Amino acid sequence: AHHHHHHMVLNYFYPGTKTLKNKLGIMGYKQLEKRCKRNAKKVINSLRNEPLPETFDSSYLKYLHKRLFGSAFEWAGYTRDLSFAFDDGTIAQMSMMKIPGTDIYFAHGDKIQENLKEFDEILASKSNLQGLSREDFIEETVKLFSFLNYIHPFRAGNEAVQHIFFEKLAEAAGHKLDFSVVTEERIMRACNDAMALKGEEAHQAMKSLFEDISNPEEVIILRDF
């Protein structure tokens, strides 16, 4: 059955292309993508010698997105629920986003503000997951990470920002997460399963990922080295 996108949704791209409007004026999809990755890694590198924030919240998450993608996108740091005014005079919007190839949607734009508030309140009620065993830290991060993944509050760059956010959160809490330990395919399978499956099966998809990236080899005692 027929589908096409509203004009405000298409205003994220150059007319007649699938290339996101960008500050570099890069018209090629592949070339933009590669350059975004390069820019973002450079920034991830800087963040290693920057202080951790006092509060992990959506404000920090927006700050990080602006850092990661601000050289590329006018809208870096802005959440996709809001109408976005480009310098070119167009106004863009992305209320609905789904997992490509599915009918499985991320949060509707109408709920993003409320949902980010709820995210913020869970972290505040638990003091940024400080003072926890590795077991409780994994349980609570799995839930919070699935929730933020579902929200997908930016036009793009969601996964990259949520990874660094959670790596910084774990560092601050006295644990460690390192998403680079596993492949993209493994990460995206856990994320897609968290949204596609139900109940206990959905939680377990993401828990296996979290166990793998959180220094599980710490149980190996090598005192005699």
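For every residue, the number given is its place in the sequence shown, counted from 1.
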Hey, which bit's got the bigger mean C-alpha B factor in the entry, 178 to 186 or 62 to 70? 178 to 186
Would 84 to 92 or 141 to 149 have the larger average of its C-alpha temperature factors, as given in the entry? 84 to 92
Which has the highest CA B-factor per the PDB entry: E167, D57, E200, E159? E200
Looking at the C-alpha B-factor of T19, is it in the lowest, middle or highest third of its chain? middle
Entry-reported C-alpha B-factor of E135 relative to its chain, by third, is highest
Split the chain's modelled residues into thirds by Cα B-factor; is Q31 in the lowest, middle or highest one? highest
Select lowest, middle or highest to describe the third in which the CA B-factor of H163 falls within its chain in this entry. lowest
Against its chain's modelled residues, does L10's Cα B factor rank lowest, middle or highest third? lowest
